[PDB]
file upload-v7.pdb (PDB, C-alpha atoms and all ligand atoms)
ATOM      1  CA  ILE T  19     114.788  94.603 106.887  1.00  0.00           C
ATOM      2  CA  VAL T  20     116.086  97.259 109.332  1.00  0.00           C
ATOM      3  CA  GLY T  21     118.962  99.524 108.256  1.00  0.00           C
ATOM      4  CA  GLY T  22     119.057  98.122 104.731  1.00  0.00           C
ATOM      5  CA  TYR T  23     118.512  99.565 101.277  1.00  0.00           C
ATOM      6  CA  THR T  24     116.069  99.341  98.387  1.00  0.00           C
ATOM      7  CA  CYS T  25     117.264  96.362  96.317  1.00  0.00           C
ATOM      8  CA  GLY T  26     115.882  97.581  93.014  1.00  0.00           C
ATOM      9  CA  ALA T  27     113.066  95.955  91.047  1.00  0.00           C
ATOM     10  CA  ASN T  28     113.709  92.289  90.183  1.00  0.00           C
ATOM     11  CA  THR T  29     117.381  92.448  91.184  1.00  0.00           C
ATOM     12  CA  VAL T  30     116.826  89.488  93.547  1.00  0.00           C
ATOM     13  CA  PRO T  31     115.042  87.131  91.109  1.00  0.00           C
ATOM     14  CA  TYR T  32     114.861  84.137  93.501  1.00  0.00           C
ATOM     15  CA  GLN T  33     113.000  86.150  96.166  1.00  0.00           C
ATOM     16  CA  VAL T  34     109.341  85.172  96.519  1.00  0.00           C
ATOM     17  CA  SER T  35     106.477  86.515  98.612  1.00  0.00           C
ATOM     18  CA  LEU T  36     104.136  83.983 100.204  1.00  0.00           C
ATOM     19  CA  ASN T  37     100.599  85.373 100.091  1.00  0.00           C
ATOM     20  CA  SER T  38      97.425  84.262 101.901  1.00  0.00           C
ATOM     21  CA  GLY T  39      95.430  87.398 101.003  1.00  0.00           C
ATOM     22  CA  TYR T  40      98.418  89.497 102.116  1.00  0.00           C
ATOM     23  CA  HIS T  41     102.208  89.040 102.232  1.00  0.00           C
ATOM     24  CA  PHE T  42     103.117  86.971 105.306  1.00  0.00           C
ATOM     25  CA  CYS T  43     106.574  85.496 104.626  1.00  0.00           C
ATOM     26  CA  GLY T  44     109.518  85.357 102.266  1.00  0.00           C
ATOM     27  CA  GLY T  45     110.776  82.345 100.335  1.00  0.00           C
ATOM     28  CA  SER T  46     113.469  81.346  97.833  1.00  0.00           C
ATOM     29  CA  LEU T  47     112.846  79.753  94.429  1.00  0.00           C
ATOM     30  CA  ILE T  48     115.182  76.753  94.086  1.00  0.00           C
ATOM     31  CA  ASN T  49     113.809  75.347  90.829  1.00  0.00           C
ATOM     32  CA  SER T  50     110.845  75.961  88.495  1.00  0.00           C
ATOM     33  CA  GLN T  51     108.413  74.107  90.816  1.00  0.00           C
ATOM     34  CA  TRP T  52     109.782  74.450  94.367  1.00  0.00           C
ATOM     35  CA  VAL T  53     110.261  77.144  97.011  1.00  0.00           C
ATOM     36  CA  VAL T  54     112.243  76.955 100.271  1.00  0.00           C
ATOM     37  CA  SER T  55     110.923  78.898 103.273  1.00  0.00           C
ATOM     38  CA  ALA T  56     110.800  78.711 107.086  1.00  0.00           C
ATOM     39  CA  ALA T  57     108.690  76.030 108.797  1.00  0.00           C
ATOM     40  CA  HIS T  58     107.336  78.724 111.131  1.00  0.00           C
ATOM     41  CA  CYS T  59     105.792  80.289 107.995  1.00  0.00           C
ATOM     42  CA  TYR T  60     103.637  77.183 107.477  1.00  0.00           C
ATOM     43  CA  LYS T  61      99.941  77.713 106.818  1.00  0.00           C
ATOM     44  CA  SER T  62      97.324  76.462 104.364  1.00  0.00           C
ATOM     45  CA  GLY T  63      96.052  78.488 101.382  1.00  0.00           C
ATOM     46  CA  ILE T  64      99.429  79.726 100.113  1.00  0.00           C
ATOM     47  CA  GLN T  65      99.888  81.551  96.814  1.00  0.00           C
ATOM     48  CA  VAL T  66     103.498  81.990  95.733  1.00  0.00           C
ATOM     49  CA  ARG T  67     104.221  85.387  94.190  1.00  0.00           C
ATOM     50  CA  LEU T  68     107.309  85.549  91.989  1.00  0.00           C
ATOM     51  CA  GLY T  69     108.811  88.488  90.106  1.00  0.00           C
ATOM     52  CA  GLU T  70     107.613  90.971  92.747  1.00  0.00           C
ATOM     53  CA  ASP T  71     109.040  94.319  93.659  1.00  0.00           C
ATOM     54  CA  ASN T  72     106.183  96.453  94.983  1.00  0.00           C
ATOM     55  CA  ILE T  73     103.925  93.817  96.598  1.00  0.00           C
ATOM     56  CA  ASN T  74     100.948  96.223  96.472  1.00  0.00           C
ATOM     57  CA  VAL T  75     101.184  97.039  92.737  1.00  0.00           C
ATOM     58  CA  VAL T  76     101.014  94.828  89.636  1.00  0.00           C
ATOM     59  CA  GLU T  77     104.085  96.054  87.733  1.00  0.00           C
ATOM     60  CA  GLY T  78     104.280  93.477  84.912  1.00  0.00           C
ATOM     61  CA  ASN T  79     106.864  90.825  85.835  1.00  0.00           C
ATOM     62  CA  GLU T  80     104.853  88.856  88.404  1.00  0.00           C
ATOM     63  CA  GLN T  81     103.832  85.232  88.302  1.00  0.00           C
ATOM     64  CA  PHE T  82     101.180  84.213  90.837  1.00  0.00           C
ATOM     65  CA  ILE T  83     101.084  80.432  91.356  1.00  0.00           C
ATOM     66  CA  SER T  84      99.130  78.547  94.046  1.00  0.00           C
ATOM     67  CA  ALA T  85     100.962  75.973  96.176  1.00  0.00           C
ATOM     68  CA  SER T  86      99.944  72.344  95.542  1.00  0.00           C
ATOM     69  CA  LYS T  87     101.741  70.962  98.581  1.00  0.00           C
ATOM     70  CA  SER T  88     103.824  72.134 101.487  1.00  0.00           C
ATOM     71  CA  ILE T  89     106.245  69.931 103.421  1.00  0.00           C
ATOM     72  CA  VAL T  90     107.524  71.036 106.810  1.00  0.00           C
ATOM     73  CA  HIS T  91     110.808  69.456 107.878  1.00  0.00           C
ATOM     74  CA  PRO T  92     110.141  66.122 109.646  1.00  0.00           C
ATOM     75  CA  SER T  93     112.020  67.269 112.766  1.00  0.00           C
ATOM     76  CA  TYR T  94     110.796  70.871 112.988  1.00  0.00           C
ATOM     77  CA  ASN T  95     110.249  71.895 116.606  1.00  0.00           C
ATOM     78  CA  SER T  96     108.026  74.989 116.839  1.00  0.00           C
ATOM     79  CA  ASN T  97     109.130  75.669 120.442  1.00  0.00           C
ATOM     80  CA  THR T  98     112.925  75.642 119.930  1.00  0.00           C
ATOM     81  CA  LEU T  99     112.730  76.577 116.213  1.00  0.00           C
ATOM     82  CA  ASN T 100     115.183  73.755 115.463  1.00  0.00           C
ATOM     83  CA  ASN T 101     114.957  72.614 111.814  1.00  0.00           C
ATOM     84  CA  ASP T 102     113.087  75.756 110.755  1.00  0.00           C
ATOM     85  CA  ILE T 103     112.705  74.839 107.095  1.00  0.00           C
ATOM     86  CA  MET T 104     109.862  73.896 104.751  1.00  0.00           C
ATOM     87  CA  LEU T 105     109.380  73.146 101.061  1.00  0.00           C
ATOM     88  CA  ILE T 106     106.488  74.447  98.967  1.00  0.00           C
ATOM     89  CA  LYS T 107     105.616  72.961  95.570  1.00  0.00           C
ATOM     90  CA  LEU T 108     103.918  75.095  92.922  1.00  0.00           C
ATOM     91  CA  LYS T 109     100.781  73.837  91.139  1.00  0.00           C
ATOM     92  CA  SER T 110     102.461  74.736  87.836  1.00  0.00           C
ATOM     93  CA  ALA T 111     106.112  75.367  86.943  1.00  0.00           C
ATOM     94  CA  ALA T 112     107.198  79.009  86.948  1.00  0.00           C
ATOM     95  CA  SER T 113     108.429  80.469  83.670  1.00  0.00           C
ATOM     96  CA  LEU T 114     112.083  81.177  84.439  1.00  0.00           C
ATOM     97  CA  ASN T 115     113.679  84.322  83.026  1.00  0.00           C
ATOM     98  CA  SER T 116     116.113  87.094  84.067  1.00  0.00           C
ATOM     99  CA  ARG T 117     113.656  88.397  86.706  1.00  0.00           C
ATOM    100  CA  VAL T 118     112.307  85.046  87.989  1.00  0.00           C
ATOM    101  CA  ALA T 119     115.196  82.667  88.574  1.00  0.00           C
ATOM    102  CA  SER T 120     116.197  79.884  90.938  1.00  0.00           C
ATOM    103  CA  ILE T 121     119.025  80.173  93.469  1.00  0.00           C
ATOM    104  CA  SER T 122     121.638  77.426  93.849  1.00  0.00           C
ATOM    105  CA  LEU T 123     121.788  75.220  96.927  1.00  0.00           C
ATOM    106  CA  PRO T 124     125.133  75.103  98.752  1.00  0.00           C
ATOM    107  CA  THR T 125     127.583  72.271  98.123  1.00  0.00           C
ATOM    108  CA  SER T 126     129.304  73.121 101.416  1.00  0.00           C
ATOM    109  CA  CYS T 127     128.504  75.242 104.462  1.00  0.00           C
ATOM    110  CA  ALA T 128     129.594  78.893 104.577  1.00  0.00           C
ATOM    111  CA  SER T 129     132.107  80.240 107.093  1.00  0.00           C
ATOM    112  CA  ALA T 130     132.006  83.036 109.651  1.00  0.00           C
ATOM    113  CA  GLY T 131     133.023  86.283 107.942  1.00  0.00           C
ATOM    114  CA  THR T 132     131.421  85.433 104.588  1.00  0.00           C
ATOM    115  CA  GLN T 133     129.320  88.349 103.320  1.00  0.00           C
ATOM    116  CA  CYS T 134     125.714  87.568 102.355  1.00  0.00           C
ATOM    117  CA  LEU T 135     122.650  89.299 100.945  1.00  0.00           C
ATOM    118  CA  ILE T 136     119.503  89.167 103.080  1.00  0.00           C
ATOM    119  CA  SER T 137     116.242  90.424 101.599  1.00  0.00           C
ATOM    120  CA  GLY T 138     112.526  90.827 102.253  1.00  0.00           C
ATOM    121  CA  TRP T 139     109.398  92.927 102.711  1.00  0.00           C
ATOM    122  CA  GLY T 140     109.473  92.898 106.530  1.00  0.00           C
ATOM    123  CA  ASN T 141     109.395  95.684 109.121  1.00  0.00           C
ATOM    124  CA  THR T 142     112.033  98.406 108.622  1.00  0.00           C
ATOM    125  CA  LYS T 143     111.885  99.802 112.189  1.00  0.00           C
ATOM    126  CA  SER T 144     113.742  98.460 115.244  1.00  0.00           C
ATOM    127  CA  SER T 145     111.230 100.300 117.455  1.00  0.00           C
ATOM    128  CA  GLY T 146     107.717 100.588 116.055  1.00  0.00           C
ATOM    129  CA  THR T 147     106.394  99.331 112.744  1.00  0.00           C
ATOM    130  CA  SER T 148     106.681 100.352 109.105  1.00  0.00           C
ATOM    131  CA  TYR T 149     106.254  97.915 106.240  1.00  0.00           C
ATOM    132  CA  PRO T 150     107.841  98.859 102.937  1.00  0.00           C
ATOM    133  CA  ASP T 151     106.165  97.784  99.773  1.00  0.00           C
ATOM    134  CA  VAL T 152     109.289  97.380  97.643  1.00  0.00           C
ATOM    135  CA  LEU T 153     111.930  94.729  98.369  1.00  0.00           C
ATOM    136  CA  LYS T 154     114.629  95.695 100.871  1.00  0.00           C
ATOM    137  CA  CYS T 155     118.180  94.348 100.996  1.00  0.00           C
ATOM    138  CA  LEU T 156     120.928  94.051 103.615  1.00  0.00           C
ATOM    139  CA  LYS T 157     124.533  92.972 103.236  1.00  0.00           C
ATOM    140  CA  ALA T 158     125.690  91.194 106.384  1.00  0.00           C
ATOM    141  CA  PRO T 159     128.462  88.845 107.489  1.00  0.00           C
ATOM    142  CA  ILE T 160     127.978  85.412 109.010  1.00  0.00           C
ATOM    143  CA  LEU T 161     129.094  85.520 112.654  1.00  0.00           C
ATOM    144  CA  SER T 162     131.170  82.888 114.462  1.00  0.00           C
ATOM    145  CA  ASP T 163     129.336  80.022 116.150  1.00  0.00           C
ATOM    146  CA  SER T 164     130.865  81.072 119.500  1.00  0.00           C
ATOM    147  CA  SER T 165     129.632  84.683 119.294  1.00  0.00           C
ATOM    148  CA  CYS T 166     126.233  83.406 118.123  1.00  0.00           C
ATOM    149  CA  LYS T 167     125.966  81.087 121.142  1.00  0.00           C
ATOM    150  CA  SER T 168     127.211  83.860 123.473  1.00  0.00           C
ATOM    151  CA  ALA T 169     124.509  86.172 122.093  1.00  0.00           C
ATOM    152  CA  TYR T 170     121.756  83.604 122.689  1.00  0.00           C
ATOM    153  CA  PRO T 171     122.744  81.269 125.553  1.00  0.00           C
ATOM    154  CA  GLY T 172     121.127  77.822 125.388  1.00  0.00           C
ATOM    155  CA  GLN T 173     119.298  78.494 122.093  1.00  0.00           C
ATOM    156  CA  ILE T 174     121.655  78.009 119.132  1.00  0.00           C
ATOM    157  CA  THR T 175     121.609  74.512 117.633  1.00  0.00           C
ATOM    158  CA  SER T 176     123.836  72.995 114.949  1.00  0.00           C
ATOM    159  CA  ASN T 177     121.098  73.900 112.432  1.00  0.00           C
ATOM    160  CA  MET T 178     121.315  77.665 113.074  1.00  0.00           C
ATOM    161  CA  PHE T 179     123.758  80.473 112.436  1.00  0.00           C
ATOM    162  CA  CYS T 180     123.912  84.162 113.259  1.00  0.00           C
ATOM    163  CA  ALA T 181     124.468  86.886 110.696  1.00  0.00           C
ATOM    164  CA  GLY T 182     124.548  90.654 111.023  1.00  0.00           C
ATOM    165  CA  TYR T 183     126.070  93.184 113.395  1.00  0.00           C
ATOM    166  CA  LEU T 184     126.496  92.952 117.174  1.00  0.00           C
ATOM    167  CA  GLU T 185     126.424  96.777 117.400  1.00  0.00           C
ATOM    168  CA  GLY T 186     122.764  96.731 116.268  1.00  0.00           C
ATOM    169  CA  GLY T 187     120.918  98.841 113.692  1.00  0.00           C
ATOM    170  CA  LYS T 188     121.053  96.377 110.776  1.00  0.00           C
ATOM    171  CA  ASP T 189     119.003  93.155 110.782  1.00  0.00           C
ATOM    172  CA  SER T 190     116.118  91.235 109.248  1.00  0.00           C
ATOM    173  CA  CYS T 191     112.777  91.542 111.035  1.00  0.00           C
ATOM    174  CA  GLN T 192     109.141  90.444 111.236  1.00  0.00           C
ATOM    175  CA  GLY T 193     107.805  89.808 107.719  1.00  0.00           C
ATOM    176  CA  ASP T 194     111.244  88.839 106.352  1.00  0.00           C
ATOM    177  CA  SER T 195     110.681  85.380 107.877  1.00  0.00           C
ATOM    178  CA  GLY T 196     111.351  82.504 105.484  1.00  0.00           C
ATOM    179  CA  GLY T 197     113.370  84.702 103.135  1.00  0.00           C
ATOM    180  CA  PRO T 198     116.877  84.211 101.695  1.00  0.00           C
ATOM    181  CA  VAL T 199     120.398  84.655 102.971  1.00  0.00           C
ATOM    182  CA  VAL T 200     122.535  84.274  99.827  1.00  0.00           C
ATOM    183  CA  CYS T 201     126.327  84.181  99.937  1.00  0.00           C
ATOM    184  CA  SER T 202     128.490  83.922  96.814  1.00  0.00           C
ATOM    185  CA  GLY T 203     125.462  82.844  94.765  1.00  0.00           C
ATOM    186  CA  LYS T 204     124.350  80.073  97.153  1.00  0.00           C
ATOM    187  CA  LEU T 205     121.346  79.953  99.475  1.00  0.00           C
ATOM    188  CA  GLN T 206     123.031  79.448 102.861  1.00  0.00           C
ATOM    189  CA  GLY T 207     120.299  80.702 105.194  1.00  0.00           C
ATOM    190  CA  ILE T 208     116.606  81.220 105.804  1.00  0.00           C
ATOM    191  CA  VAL T 209     115.328  84.113 107.951  1.00  0.00           C
ATOM    192  CA  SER T 210     114.274  82.316 111.146  1.00  0.00           C
ATOM    193  CA  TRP T 211     114.355  84.298 114.402  1.00  0.00           C
ATOM    194  CA  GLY T 212     115.922  86.915 116.674  1.00  0.00           C
ATOM    195  CA  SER T 213     115.236  88.935 119.819  1.00  0.00           C
ATOM    196  CA  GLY T 214     113.390  92.015 118.552  1.00  0.00           C
ATOM    197  CA  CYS T 215     115.158  93.433 115.476  1.00  0.00           C
ATOM    198  CA  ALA T 216     118.504  95.177 115.038  1.00  0.00           C
ATOM    199  CA  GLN T 217     119.102  95.227 118.804  1.00  0.00           C
ATOM    200  CA  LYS T 218     122.597  95.435 120.281  1.00  0.00           C
ATOM    201  CA  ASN T 219     124.136  91.974 120.844  1.00  0.00           C
ATOM    202  CA  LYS T 220     121.064  90.274 119.340  1.00  0.00           C
ATOM    203  CA  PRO T 221     121.927  89.422 115.748  1.00  0.00           C
ATOM    204  CA  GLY T 222     119.599  87.623 113.342  1.00  0.00           C
ATOM    205  CA  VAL T 223     119.433  83.827 113.549  1.00  0.00           C
ATOM    206  CA  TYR T 224     119.098  81.839 110.334  1.00  0.00           C
ATOM    207  CA  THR T 225     118.357  78.241 109.388  1.00  0.00           C
ATOM    208  CA  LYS T 226     121.571  76.559 108.228  1.00  0.00           C
ATOM    209  CA  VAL T 227     120.516  75.420 104.737  1.00  0.00           C
ATOM    210  CA  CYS T 228     123.674  73.386 103.972  1.00  0.00           C
ATOM    211  CA  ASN T 229     122.537  70.818 106.587  1.00  0.00           C
ATOM    212  CA  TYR T 230     119.342  70.174 104.586  1.00  0.00           C
ATOM    213  CA  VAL T 231     120.540  69.796 100.980  1.00  0.00           C
ATOM    214  CA  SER T 232     120.185  65.998 101.037  1.00  0.00           C
ATOM    215  CA  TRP T 233     116.651  66.259 102.441  1.00  0.00           C
ATOM    216  CA  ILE T 234     115.687  68.962  99.928  1.00  0.00           C
ATOM    217  CA  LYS T 235     116.988  66.989  96.946  1.00  0.00           C
ATOM    218  CA  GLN T 236     115.455  63.677  98.037  1.00  0.00           C
ATOM    219  CA  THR T 237     112.127  65.318  98.853  1.00  0.00           C
ATOM    220  CA  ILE T 238     111.989  67.081  95.471  1.00  0.00           C
ATOM    221  CA  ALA T 239     112.959  63.843  93.687  1.00  0.00           C
ATOM    222  CA  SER T 240     109.891  61.993  95.078  1.00  0.00           C
ATOM    223  CA  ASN T 241     107.212  64.718  95.249  1.00  0.00           C
TER
HETATM  224 CA    CA R 301     103.886  93.695  92.329  1.00  0.00          CA
END

call {"tool": "encode", "arguments": {"input": "upload-v7.pdb", "output": "structure tokens"}}
result
Amino acid sequence: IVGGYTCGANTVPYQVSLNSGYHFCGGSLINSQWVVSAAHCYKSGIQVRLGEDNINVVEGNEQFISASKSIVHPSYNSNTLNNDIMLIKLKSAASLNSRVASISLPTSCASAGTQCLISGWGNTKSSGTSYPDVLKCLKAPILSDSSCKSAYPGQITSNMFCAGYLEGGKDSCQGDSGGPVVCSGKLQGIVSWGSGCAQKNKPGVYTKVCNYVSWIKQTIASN
């Protein structure tokens, strides 16, 4: 997260870190056994880390649970990043509490202008590289489809939306990938892509979660 703020320990209880010996992506807990992340975060050997603040220190509220299965969206295209969504099932159900909690799926899509909370452990620099160890947060509005398409000609599909600031300086970044965009208590987006980070006229692009609720529910119901 570039130009954000320190969330505070366990203030974003649905935020998970995906770990393969190191943090590599964010995710969102959507029930006791399932996490939503980005398809471009797919790899084998995933451990889901819940209840994290400082990802380099055991602080007492963590649950570390290995993934039993991961399911990339059937229509994910790694070239275009269309359908950039995946589900990860935990080998055992997380113990849900005030600091480890699921986030609700949308019942309808969010509109341009809606304010959302974006979070993660990604790079905090727009030029250069600095990884924080505590969770960072950014409040950002969803942008209109037309401004999103104008920002990224030929690249925005019906499964993507832009959020952030066209002036630059405030954005998600590398390492925030797969993490949440939550608006009015609903998971509306997944950190997907962007040109650099926090660059003028290059806002963050996010997977449009409301398009996938039927797939998520049906997949969970049979796996
Ligand atoms: Ca920790």

call {"tool": "residues_near_ligand", "arguments": {"input": "upload-v7.pdb", "ligand": "ligand CA 301 (chain R)", "cutoff": "10 Å", "atoms": "only C-alpha atoms and all ligand atoms", "output": "MDAnalysis selection string"}}
result
chainID T and resid 27 35 67:82 151:152

call {"tool": "write_last_selection", "arguments": {"input": "upload-v7.pdb", "atoms": "C-alpha atoms", "output": "PDB file, in the coordinates of the input"}}
result
ATOM      1  CA  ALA T  27     113.066  95.955  91.047  1.00  0.00           C
ATOM      2  CA  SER T  35     106.477  86.515  98.612  1.00  0.00           C
ATOM      3  CA  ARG T  67     104.221  85.387  94.190  1.00  0.00           C
ATOM      4  CA  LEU T  68     107.309  85.549  91.989  1.00  0.00           C
ATOM      5  CA  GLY T  69     108.811  88.488  90.106  1.00  0.00           C
ATOM      6  CA  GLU T  70     107.613  90.971  92.747  1.00  0.00           C
ATOM      7  CA  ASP T  71     109.040  94.319  93.659  1.00  0.00           C
ATOM      8  CA  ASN T  72     106.183  96.453  94.983  1.00  0.00           C
ATOM      9  CA  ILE T  73     103.925  93.817  96.598  1.00  0.00           C
ATOM     10  CA  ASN T  74     100.948  96.223  96.472  1.00  0.00           C
ATOM     11  CA  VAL T  75     101.184  97.039  92.737  1.00  0.00           C
ATOM     12  CA  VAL T  76     101.014  94.828  89.636  1.00  0.00           C
ATOM     13  CA  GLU T  77     104.085  96.054  87.733  1.00  0.00           C
ATOM     14  CA  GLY T  78     104.280  93.477  84.912  1.00  0.00           C
ATOM     15  CA  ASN T  79     106.864  90.825  85.835  1.00  0.00           C
ATOM     16  CA  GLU T  80     104.853  88.856  88.404  1.00  0.00           C
ATOM     17  CA  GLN T  81     103.832  85.232  88.302  1.00  0.00           C
ATOM     18  CA  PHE T  82     101.180  84.213  90.837  1.00  0.00           C
ATOM     19  CA  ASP T 151     106.165  97.784  99.773  1.00  0.00           C
ATOM     20  CA  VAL T 152     109.289  97.380  97.643  1.00  0.00           C
TER      21      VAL T 152
END

call {"tool": "residues_around", "arguments": {"input": "upload-v7.pdb", "residues": "residue 231 of chain T", "least_positions_apart": "3", "cutoff": "12 Å", "atoms": "all atoms listed in the file", "output": "PyMOL selection string"}}
result
chain T and resi 48+54+91+103+105+122-127+204-207+226-228+234-238

call {"tool": "resolve_selection", "arguments": {"input": "upload-v7.pdb", "expression": "the PyMOL selection byres (((chain T and resi 160) around 7) and not hetatm)", "output": "PyMOL selection string"}}
result
chain T and resi 129-133+158-159+161-162+180-182

call {"tool": "resolve_selection", "arguments": {"input": "upload-v7.pdb", "expression": "the PyMOL selection byres (((chain T and resi 187-191) around 9) and not hetatm)", "output": "ChimeraX atom specification"}}
result
/T:19-22,136-138,140-144,156-158,181-186,192-195,209,211-212,214-218,221-222

call {"tool": "atom_distance", "arguments": {"input": "upload-v7.pdb", "atom1": "atom CA of residue 50 of chain T", "atom2": "atom CA of residue 63 of chain T"}}
result
19.8 Å

call {"tool": "axis_aligned_box", "arguments": {"input": "upload-v7.pdb", "around": "segment 148-164 of chain T", "padding_each_side": "6 Å", "output": "JSON"}}
result
{"center_x": 118.7, "center_y": 90.2, "center_z": 108.6, "size_x": 37.0, "size_y": 32.3, "size_z": 33.9}

call {"tool": "atom_distance", "arguments": {"input": "upload-v7.pdb", "atom1": "atom CA of residue 170 of chain T", "atom2": "atom CA of residue 94 of chain T"}}
result
19.4 Å

call {"tool": "atom_distance", "arguments": {"input": "upload-v7.pdb", "atom1": "atom CA of residue 198 of chain T", "atom2": "atom CA of residue 33 of chain T"}}
result
7.0 Å

call {"tool": "resolve_selection", "arguments": {"input": "upload-v7.pdb", "expression": "the PyMOL selection byres (((chain T and resi 116) around 10) and not hetatm)", "output": "list in words"}}
result
residues 28, 29, 30, 31, 32, 69, 114, 115, 117, 118, 119 and 120 of chain T

call {"tool": "write_last_selection", "arguments": {"input": "upload-v7.pdb", "atoms": "C-alpha atoms", "output": "PDB file, keeping the file's coordinate frame"}}
result
ATOM      1  CA  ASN T  28     113.709  92.289  90.183  1.00  0.00           C
ATOM      2  CA  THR T  29     117.381  92.448  91.184  1.00  0.00           C
ATOM      3  CA  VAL T  30     116.826  89.488  93.547  1.00  0.00           C
ATOM      4  CA  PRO T  31     115.042  87.131  91.109  1.00  0.00           C
ATOM      5  CA  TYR T  32     114.861  84.137  93.501  1.00  0.00           C
ATOM      6  CA  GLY T  69     108.811  88.488  90.106  1.00  0.00           C
ATOM      7  CA  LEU T 114     112.083  81.177  84.439  1.00  0.00           C
ATOM      8  CA  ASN T 115     113.679  84.322  83.026  1.00  0.00           C
ATOM      9  CA  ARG T 117     113.656  88.397  86.706  1.00  0.00           C
ATOM     10  CA  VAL T 118     112.307  85.046  87.989  1.00  0.00           C
ATOM     11  CA  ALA T 119     115.196  82.667  88.574  1.00  0.00           C
ATOM     12  CA  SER T 120     116.197  79.884  90.938  1.00  0.00           C
TER      13      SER T 120
END

call {"tool": "closest_residue", "arguments": {"input": "upload-v7.pdb", "among": "T:95, T:24, T:110, T:145", "to": "residue 66 of chain T", "atoms": "all atoms listed in the file"}}
result
T:110

call {"tool": "residues_near_point", "arguments": {"input": "upload-v7.pdb", "point": "(106.6, 74.2, 105.4)", "cutoff": "10 Å", "atoms": "all atoms listed in the file", "output": "list in words"}}
result
residues 53, 54, 55, 56, 57, 58, 59, 60, 61, 62, 87, 88, 89, 90, 91, 92, 94, 102, 103, 104, 105, 106, 107 and 196 of chain T

call {"tool": "decode", "arguments": {"input": "upload-v7.pdb", "residues": "segment 23-35 of chain T", "atoms": "N, CA, C and O atoms", "output": "PDB file, in the first residue's frame"}}
result
ATOM      1  N   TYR T  23      -1.977   4.136   5.543  1.00  0.00           N
ATOM      2  CA  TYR T  23      -1.738   4.291   6.966  1.00  0.00           C
ATOM      3  C   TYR T  23      -1.696   2.928   7.645  1.00  0.00           C
ATOM      4  O   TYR T  23      -2.146   1.926   7.093  1.00  0.00           O
ATOM      5  N   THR T  24      -1.134   2.895   8.844  1.00  0.00           N
ATOM      6  CA  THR T  24      -1.060   1.665   9.615  1.00  0.00           C
ATOM      7  C   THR T  24      -2.460   1.356  10.126  1.00  0.00           C
ATOM      8  O   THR T  24      -3.033   2.156  10.864  1.00  0.00           O
ATOM      9  N   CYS T  25      -3.015   0.211   9.722  1.00  0.00           N
ATOM     10  CA  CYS T  25      -4.392  -0.144  10.081  1.00  0.00           C
ATOM     11  C   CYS T  25      -4.584  -0.194  11.581  1.00  0.00           C
ATOM     12  O   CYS T  25      -5.584   0.297  12.099  1.00  0.00           O
ATOM     13  N   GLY T  26      -3.625  -0.812  12.268  1.00  0.00           N
ATOM     14  CA  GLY T  26      -3.788  -1.189  13.666  1.00  0.00           C
ATOM     15  C   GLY T  26      -3.961  -2.690  13.757  1.00  0.00           C
ATOM     16  O   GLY T  26      -4.642  -3.294  12.926  1.00  0.00           O
ATOM     17  N   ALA T  27      -3.354  -3.299  14.772  1.00  0.00           N
ATOM     18  CA  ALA T  27      -3.344  -4.758  14.896  1.00  0.00           C
ATOM     19  C   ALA T  27      -4.753  -5.353  14.966  1.00  0.00           C
ATOM     20  O   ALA T  27      -5.571  -4.955  15.805  1.00  0.00           O
ATOM     21  N   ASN T  28      -5.025  -6.283  14.050  1.00  0.00           N
ATOM     22  CA  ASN T  28      -6.261  -7.063  14.016  1.00  0.00           C
ATOM     23  C   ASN T  28      -7.528  -6.241  13.825  1.00  0.00           C
ATOM     24  O   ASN T  28      -8.617  -6.684  14.180  1.00  0.00           O
ATOM     25  N   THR T  29      -7.383  -5.052  13.248  1.00  0.00           N
ATOM     26  CA  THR T  29      -8.525  -4.189  12.951  1.00  0.00           C
ATOM     27  C   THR T  29      -9.178  -4.548  11.612  1.00  0.00           C
ATOM     28  O   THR T  29     -10.243  -4.030  11.279  1.00  0.00           O
ATOM     29  N   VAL T  30      -8.523  -5.417  10.843  1.00  0.00           N
ATOM     30  CA  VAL T  30      -9.047  -5.904   9.569  1.00  0.00           C
ATOM     31  C   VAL T  30      -9.069  -7.441   9.657  1.00  0.00           C
ATOM     32  O   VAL T  30      -8.212  -8.113   9.092  1.00  0.00           O
ATOM     33  N   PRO T  31     -10.041  -8.001  10.401  1.00  0.00           N
ATOM     34  CA  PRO T  31      -9.951  -9.408  10.832  1.00  0.00           C
ATOM     35  C   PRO T  31     -10.126 -10.456   9.727  1.00  0.00           C
ATOM     36  O   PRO T  31      -9.826 -11.628   9.952  1.00  0.00           O
ATOM     37  N   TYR T  32     -10.590 -10.022   8.557  1.00  0.00           N
ATOM     38  CA  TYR T  32     -10.758 -10.884   7.385  1.00  0.00           C
ATOM     39  C   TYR T  32      -9.507 -10.920   6.511  1.00  0.00           C
ATOM     40  O   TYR T  32      -9.419 -11.737   5.597  1.00  0.00           O
ATOM     41  N   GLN T  33      -8.541 -10.044   6.784  1.00  0.00           N
ATOM     42  CA  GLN T  33      -7.302 -10.012   6.003  1.00  0.00           C
ATOM     43  C   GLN T  33      -6.413 -11.206   6.327  1.00  0.00           C
ATOM     44  O   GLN T  33      -6.053 -11.409   7.481  1.00  0.00           O
ATOM     45  N   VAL T  34      -6.049 -11.981   5.311  1.00  0.00           N
ATOM     46  CA  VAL T  34      -5.067 -13.048   5.494  1.00  0.00           C
ATOM     47  C   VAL T  34      -3.793 -12.791   4.686  1.00  0.00           C
ATOM     48  O   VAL T  34      -3.780 -12.027   3.710  1.00  0.00           O
ATOM     49  N   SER T  35      -2.716 -13.422   5.136  1.00  0.00           N
ATOM     50  CA  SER T  35      -1.462 -13.473   4.395  1.00  0.00           C
ATOM     51  C   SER T  35      -1.298 -14.894   3.880  1.00  0.00           C
ATOM     52  O   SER T  35      -1.438 -15.848   4.647  1.00  0.00           O
TER      53      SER T  35
END
